Each structure stands twice: as C-alpha cells, then as structure tokens.
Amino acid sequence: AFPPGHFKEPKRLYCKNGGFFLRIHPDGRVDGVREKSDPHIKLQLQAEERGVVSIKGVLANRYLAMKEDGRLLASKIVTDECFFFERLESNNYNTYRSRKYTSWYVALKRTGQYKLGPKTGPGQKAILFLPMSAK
C-alpha cells in the first residue's frame, strides 16, 4: 500500500501505452495526451478507504468514472462509479480497477482514446499508469 503524501499533492498519471498522460477535459471527456504541460492532466487522488481512490481532474473539477458499458467519463458529482482500487504492480506502475465493475480497469489505447472496460485485463500495457509530480 501507499503512504500519506501520495494523496497530499496533485499528480500526473503517465500511461505506459503510448506515453499518454490521463486527461480529464472540462466537458467530461477522458482521454490521453503526451504533452506534460497540458493543464487538464493535473489530477488529485483522494483516499476513500484503504486501497481505494477517487481521481479528480483539478481544472475540469470532475471525477473520473467508469460506466456500465466500460466507458470513461468524468462527472461533476461523486458516485459509486468513481471509485477505484489502486495497486502497485511488480513493474512499479500502478493499476486502477473499478470498485463497481471489478474486472475492468482504467486504460488508454495507443490512439489516445480510453479503452473500454470489457477489453481491459491484467498484463496489458493499456492499464499501467505511473503517478508523478504535477509540478
């Protein structure tokens, strides 16, 4: 598990697939971008309970959610679709697994689009995110 401080400061989440940072747009679209200065990739992780986080786009003021068909969007209000198990994998990247749809992961495709929940799974490059400083 992670200590305090992981949650104190905002983060960028760097995806192994394509080198995309996870981006939360003002209108609730979620996607990836390679540019580290994009203002919409500054995220805030918040511990909801042990090993569970919500992920907020700071500038968008919206929380990452995974929907029942597997799509990603970001909502103004926190709901049960906004919670993820955060786990450090053996390769030192993290995964984010839906607490509601427990086989599905937050993931980005090589195109920059999100990858639909049902196509995700362990061992994919698409599900691996490295948190780092937002500075």
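Each residue number is its position in the shown sequence, starting from 1.
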Response to the item:
Of 73-81 and 56-64, the stretch with the higher mean C-alpha B-factor in the deposited entry is 73-81
Worksheet entry | 12-20 or 115-123, whichever carries the higher mean Cα B-factor | 115-123
Discussion item. I'd like to know which of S98, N92, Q44, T95 has the highest C-alpha temperature factor in the PDB entry.
Written reply: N92
Discussion item. Using the temperature factors of the C-alpha atoms in this entry, rank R34 within its chain: lowest, middle or highest third.
Written reply: lowest
